[PDB]
Amino acid sequence: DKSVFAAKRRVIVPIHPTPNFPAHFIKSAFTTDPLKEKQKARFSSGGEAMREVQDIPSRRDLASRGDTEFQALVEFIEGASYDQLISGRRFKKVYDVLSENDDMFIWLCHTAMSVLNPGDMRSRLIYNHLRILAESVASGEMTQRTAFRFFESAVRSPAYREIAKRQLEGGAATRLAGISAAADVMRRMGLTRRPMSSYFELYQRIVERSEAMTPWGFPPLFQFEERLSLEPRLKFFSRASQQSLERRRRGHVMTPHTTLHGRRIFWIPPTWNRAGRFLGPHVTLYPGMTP
Amino acid sequence: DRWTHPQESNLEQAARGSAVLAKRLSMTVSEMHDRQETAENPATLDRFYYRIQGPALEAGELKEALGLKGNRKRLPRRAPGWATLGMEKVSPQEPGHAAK
Amino acid sequence: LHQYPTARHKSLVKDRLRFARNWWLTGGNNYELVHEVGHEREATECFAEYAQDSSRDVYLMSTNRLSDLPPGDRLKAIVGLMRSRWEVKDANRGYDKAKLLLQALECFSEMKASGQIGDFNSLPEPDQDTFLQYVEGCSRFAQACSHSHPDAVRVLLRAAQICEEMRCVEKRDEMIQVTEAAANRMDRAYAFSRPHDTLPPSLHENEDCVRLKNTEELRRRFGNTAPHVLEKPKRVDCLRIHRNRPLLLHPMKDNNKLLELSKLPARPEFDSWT
Amino acid sequence: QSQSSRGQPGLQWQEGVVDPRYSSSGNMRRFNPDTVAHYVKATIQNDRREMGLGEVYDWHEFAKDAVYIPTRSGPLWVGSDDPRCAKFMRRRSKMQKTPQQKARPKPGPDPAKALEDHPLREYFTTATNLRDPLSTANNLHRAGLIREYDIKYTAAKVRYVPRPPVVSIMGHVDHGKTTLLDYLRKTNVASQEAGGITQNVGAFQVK
Amino acid sequence: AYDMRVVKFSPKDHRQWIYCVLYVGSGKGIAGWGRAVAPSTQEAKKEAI
RNA sequence: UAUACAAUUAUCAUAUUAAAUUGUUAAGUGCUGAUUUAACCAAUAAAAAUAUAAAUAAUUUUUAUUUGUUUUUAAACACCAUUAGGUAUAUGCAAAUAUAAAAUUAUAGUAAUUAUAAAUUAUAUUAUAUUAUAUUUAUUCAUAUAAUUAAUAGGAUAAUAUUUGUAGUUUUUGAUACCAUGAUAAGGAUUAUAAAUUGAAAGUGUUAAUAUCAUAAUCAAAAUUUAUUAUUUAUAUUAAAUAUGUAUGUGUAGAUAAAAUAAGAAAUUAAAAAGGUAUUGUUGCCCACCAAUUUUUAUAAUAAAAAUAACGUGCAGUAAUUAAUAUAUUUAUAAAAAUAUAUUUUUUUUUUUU
Ligand SMILES: [Mg+2]
Ligand SMILES: [Mg+2]
């Protein structure tokens, strides 16, 4: 390390005051001053910009918003034109916009399946309980764990176990009413722009999980959000649970040196200062022949 | 107080104010109305995320040269009385000089 | 047996969590936020003034004699001297205090003309009050010291002259009256003025005579026939102890063997027996 | 760097004799090649050899510039050119160049004028002058026998009364001074005097 | 209070963050405390708040 | 200097209601001889196997007494010797960690707290499985010389300048024959076929702040002793800048170099765990001894304890180079070491009636 403090020990130089690095203020507050701006403003002002600039392109924001998922998808789609490539950042943005609402789907699936005997979902009392808790989860005012606890400990009927002894032999009720109520709540509440997406997610996250070991058994710690969690691919009702993506790739002896010699897409382009001998990513030293 | 709000010179304060004024003037009336950037609200001059890799001492020297960090500048000593300008030229803290 | 790092403080070596021993900053994912905001009022309002300033810069030279100073600064010098002079305890009678007050009054008289302060009416209320207090104090001290120093009449006359040139009629008339009174009252205190009059032992002084008489009458009575005139001895001396309770060393009674053993020589074989 | 050891100070002197270590001939801070063994010289040479330094041609001359450092093991004898003693040599050279380098406080006003300004100045009294009546009148007032208003009256009214004379017998040693005083006093005290000489001032009234 | 602490994400990646502890209060009867660690003073204050 | 432990769980000597104690069996060649061990080794070498049902929890254990040294056939076996052997197993002598506690150390006076914890740090693939590796070729390696670095100054075919021929000595001091901050190189071991490249950032003589006798510089015809370099092998042999006289010896010891890319080569391979007493972070803490100063208890030719940055001998401990801890014995330059017995703050590897 070459600094003043280190050099005072490395080689004692009697000339203590010495600027090791020239002053160059990258920030914006330091560079400007009133005297500079007094001259700058006359030449560059809002009126002058409006005069010499062409027009190339809450309630107003909602009017101009349109469909967020479609506007995100069309960017990745249009990335296939001649003057641009298929950016992975665009797909990441589309995935985030599509999966922003997955938490409510996870919670609704957990309430539909994990609860052994929720009662009669058709009953307006239980329906109101579920609707209020789902609205709270969607708004974020209550976390999923506490919402699930509220749903499973809410008041339903006196002598609940004795009454259930008449109907359920094992305490497991039919899931048709639960799924219907979980679809109805999301249909009534304007959760997503497309009404069918809620029902499709609720159905698919159940039918995909139904073919797994202990389909409806969940450990208490990992069932919801916690300090220690699971991988996104290994979550219970996740949309990316099932995958077989390539995870082993062969590597040659010159790989650590030629990490950047392939068709790499550079976040920062190599320069001559850093890389002594590297032509670039677009060159091919052994070209073929094409008609 | 001195930790949360670092002290800065009057020249730096004036430069910040002039930069805000320049940004406001350069903005157009239509976009100002859309953004609700009236003279009451403070304007955000700039905001960026940087990443620095290197030895600690040399990084400190580099940041001081670039003006990224302070905590070692020797700012001038403020007046013992009311440091703000425009105060009365002669004002004794103790009135005194009374009769009878 | 105690481990102690000599190069570095033990606490600094121990506090692993508070500091960082590694000196290499790596990028990784360590983003830092540089956020800068400003407001329009910062351009003008609320600007501080630095302590050091060339306007309030003074080169202070020193001199001992008062005549070097202008009267304006000489008044402050005289007051600074009187601050340390007035602590002298002399029953508020003296000549140096009157001299200092006269010097201050002469400073006022000079500053009337050279210092262009103006007239008494021109001078505002507070400095009028200071001038009146100074002249009154000078008059009081001169009157107090007049009977001893016959030059206090001259001091009072100069004070009256200064009042005249300051154009204060009410004080000037009183100064005339007091000068007239003192010019005739100064010689009264001297001996020649009062040849009619001429020029007591204390309680302790008288009791000393009583004690001496008693001692002499006991001396002649018992100094030869029976020497019992000696006073009661105070050979026992109090020594201070824990709670300052005075312990007294009572002399030993004759009817014990301790003094008999003490009076004998320590070593009979070698010490003389006579 | 610091010549003083880290232990508590010890007594410099024994019953009557000085400790050899603190004696000038056997000073503990001086490197004496005569009385030291061969291993200390070997260590000094090895230290001057491992680090780039000149070899010791003469030990008697080297001892003059040798520097002692107290260590837990014992004395450490080092050269004045050595990096370890470089800092102490810097400070010693600066001291030898200019000793006055510590800031000195500004003295206050002159104590004579401070005495003039002293609150208790007026309480001072001086010895009376025998030929001056004003002095004894003022001292009468100072001792509180008369009034300050009556100082002048007493100065005018003070009378002078003769007093018995005081004569001092003075002369050389063994010149019969004590015998003359004894004959004047009609006593014989010179013989009983210790040593036959006068050693204290004696004032006696005679007729 | 403010303090300084070390943060270790990787064995060869050590940084010095600062630790801010504060609270928000209102005499109407509502209060809440917090403590956080962040690279800078402003970030620590915001996270603690 | 006076001024409010705990009582719901505290690892070094506070054991006190508990069933013990005793069994009589096993093993017995000499034969033509290399067993054990990292190595040396010694002398007949095979052996000792039986349990449960049953003894009240108490109001004076205030009370006896008791906790792995316990004495002989073999096998084990610590001092010491070095050519290499000797040398310990309850019958007596012996209260004792399973805890009623008041910051470290210390005789309950010596220093100013002492310990401990967490995170991180280069040692351990497992056997179809993210690749068959296995073949060809090569190796007598050498060059450096004759000293001066610190200014601008215009011309023919242009409306005129002798400015043809322009003339003011001397007060500074480093890249030079050391040293006189930084910066590019070489070094292939896991991101692969596909519309594609088999050369790295961790630094290599010359380059940008420390000064204080420094003229070391090719313009030819020159002086191997120095690690880092592919030379032509037996039909025809010296002409233009002057250009190599040496070493024929069965393709021959040791040691060693190169290539899986327009070349031709093909079944056994990468893919686990596992640590800081160090924070100055192994070039580290730390250990006694040696050495040096000195303090306290003490007056007795005493003993003991404590503080200290550099020396000397070492490397004992710190997963730390034959593990560590506790007690007993023993040896001695010193940390300690070896044994007997009891422990793991020693990092760990799968057998439910074959
Ligand atoms: Mg005599
Ligand atoms: Mg070791």
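The rules we used
- Within each chain the first residue of the written sequence is number 1 and the count goes on from 1 in that order, possibly differing from the entry; residues lacking coordinates are omitted.
- Starting at A for chains and at 1 for ligands, labels are handed out in the order in which the entities are written.
- The full assembly is larger than what is shown, and all values describe the shown chains rather than the whole.
- Think of the side-chain values as coming from all heavy atoms in the structure, minus any hydrogens and water.
- Under the DSSP-based scheme used, a helix requires at least four consecutive residues in state H or I and a strand at least two consecutive residues in state E, with every element numbered from the N terminus.
- In this description the radius of gyration comes from C-alpha coordinates, and the expected globular size is given by 2.2 Å times residues to the power 0.38.
- What makes two residues a contact is simply this: any of their non-hydrogen atoms within 4.5 Å.
- Each salt bridge in this description consists of a side-chain nitrogen of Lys or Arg and a carboxyl oxygen of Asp or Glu lying within 4 Å of one another.
- By the criterion applied in these results, polar contacts are pairs of N or O atoms within 3.5 Å in which, for protein atoms, one can donate a hydrogen and the other can accept it, and in which residues neighboring in sequence qualify only through two side-chain atoms.
- Classification used: nonpolar for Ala, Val, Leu, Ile, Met, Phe, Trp, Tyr, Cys and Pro, charged for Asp, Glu, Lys and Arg, polar for all others including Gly.
- Partly exposed residues are those whose accessible area sits between 20% and 50% of the maximum for their type, while under 20% is buried and over 50% is exposed, using a 1.4 Å probe and protein chains only.
- Fitted lines through C-alpha atoms serve as axes, helices being fitted only where they are in contact, and the angles separating the N-to-C directions of these axes extend from 0 to 180 degrees.
- Here is the rule for angles: anything less than 35 degrees is roughly parallel, anything more than 145 is roughly antiparallel, 65 through 115 is roughly perpendicular, and the remaining ranges are oblique.
- Crossings are assigned a handedness: left-handed for a near helix turned anticlockwise from the far helix by less than a right angle, right-handed for a clockwise turn.
- Note on definitions: buried area is the accessible-area loss of two parts on being combined, 1.4 Å probe, summed for both.
- Each residue is tested against the molecule or strand, and it is near if at least one of its non-hydrogen atoms lies within 4 Å.
- Here a donor is an N, O or S atom found within 2.8 Å of the metal, or within 3.2 Å if the metal is Na, K or Ca; sites may look incomplete because water is not among the atoms.

As documented in the archive entry, the model was determined using cryo-EM at 3.7 Å resolution.

The name given to chain C in the PDB entry is mt-SAF37, with the source organism recorded as Trypanosoma brucei brucei. Listed in the archive, the entry goes by the title "Late assembly intermediate of the Trypanosoma brucei mitoribosomal small subunit".

As named in the PDB entry, chain B is mt-SAF39, taken from Trypanosoma brucei brucei.

A. Here's a closer look at the overall build of chain C. When helices and strands are counted, chain C shows eight helices and four strands. Taken from the N to the C terminus, the helices and strands of chain C come in the order α-β-β-α-α-α-α-α-α-β-β-α. At 42 Å, chain C has a C-alpha radius of gyration far larger than the 19 Å of a compact globule built from 274 residues. Taken over the C-alpha atoms alone, chain C extends approximately 110 × 105 × 30 Å along its principal axes.

B. Region of interest: the interface of chain C and chain E. With twelve residues of chain C at the interface, the matching set in chain E holds 13 residues. At the boundary of chain C with chain E, the tally comes to two salt bridges. In this structure, the connection of chain C to chain E is made through five residue pairs in polar contact. Of all elements in the fold, only β1 (24-25) and β2 (32-38) of chain C reach the threshold of two or more residues within the side of chain C that touches chain E. Looking at the side of chain C that touches chain E residue by residue, the class counts come to six nonpolar, three polar and three charged.

C. Local environment of the pattern of salt bridges. Scanning the model with the defined rule gives 44 salt bridges over all chains in all. Linking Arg-205 of chain A and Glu-201 of chain A is a salt bridge whose minimum nitrogen-to-oxygen distance equals 2.5 Å. Highlighted residues: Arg-205 of chain A and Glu-201 of chain A, both in helix α12 (residues 195-209), separated by four residues, approximately one helical turn. Each member of the pair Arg-205 of chain A and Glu-201 of chain A is classed as buried. In this structure, the salt-bridge partner of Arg-121 of chain D is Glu-122 of chain D, at a minimum N-O distance of 2.3 Å. Overall, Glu-122 of chain D belongs to the partly exposed group, its relative accessible area being 29%. Within this structure, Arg-85 and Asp-96 of chain C together with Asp-117, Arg-121 and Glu-122 of chain D form a network of salt bridges that share partners.

D. Expanded view of the packing of helix α4 (residues 125-146) of chain C against helix α5 (residues 152-166) of chain C. All names here are of chain C. Viewed as axis vectors pointing N to C, α4 and α5 meet at an angle of 160 degrees, and their least axial separation amounts to 8 Å. The angle between α4 and α5 falls in the class roughly antiparallel. Considering only the axes of α4 and α5, their crossing is left-handed. Side by side, α4 and α5 meet where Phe-131, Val-135, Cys-138, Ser-139, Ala-142, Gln-143, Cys-145 and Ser-146 of the first sit next to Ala-152, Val-155, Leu-156, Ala-159, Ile-162, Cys-163 and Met-166 of the second.

E. Focus on the interface of chain B and chain C. The interface of chain B with chain C comprises 41 residues on the first partner and 29 residues on the second. The junction of chain B with chain C conceals about 3200 Å² of combined surface from both sides, 58% of it contributed by carbon and sulfur atoms. For the chain B face of the interface with chain C, the top three residues by lost area are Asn-10, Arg-16 and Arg-51 of chain B, together amounting to 18%. Linking chain B with chain C are one salt bridge. Between chain B and chain C we count 20 residue pairs in polar contact in total. The set of elements that each furnish at least two residues to the side of chain B that touches chain C consists of α1 (10-26), β1 (43-50), β2 (54-55) and α3 (56-66) of chain B.

F. Region of the structure containing the protein's contact with RNA strand F. Lining the immediate environment of RNA strand F, one finds 55 residues, of which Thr-18 of chain A, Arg-8 and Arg-21 of chain C together with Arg-6 and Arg-72 of chain D sit closest. Looking at RNA strand F alone, sugar and phosphate atoms form 59% of those within 4 Å of the protein. In this structure, a sugar or linking oxygen belonging to RNA strand F sits 3.1 Å away from a main-chain N or O atom of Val-253 of chain A. Partitioning the surface near RNA strand F into residue classes produces 21 nonpolar, 18 polar and 16 charged.

G. A look at the coordination of the magnesium ion (ligand 1). Residue and element names in this part refer to chain D. At 2.1 Å from the magnesium ion (ligand 1) lie its protein donor atoms, namely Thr-178 (OG1) and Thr-198 (OG1). Of this pair, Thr-178 sits in helix α7 (residues 177-185) while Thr-198 sits in the segment after α7, and the two are 20 residues apart along the sequence. Classification of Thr-178 as partly exposed rests on a relative accessible area of 26%.

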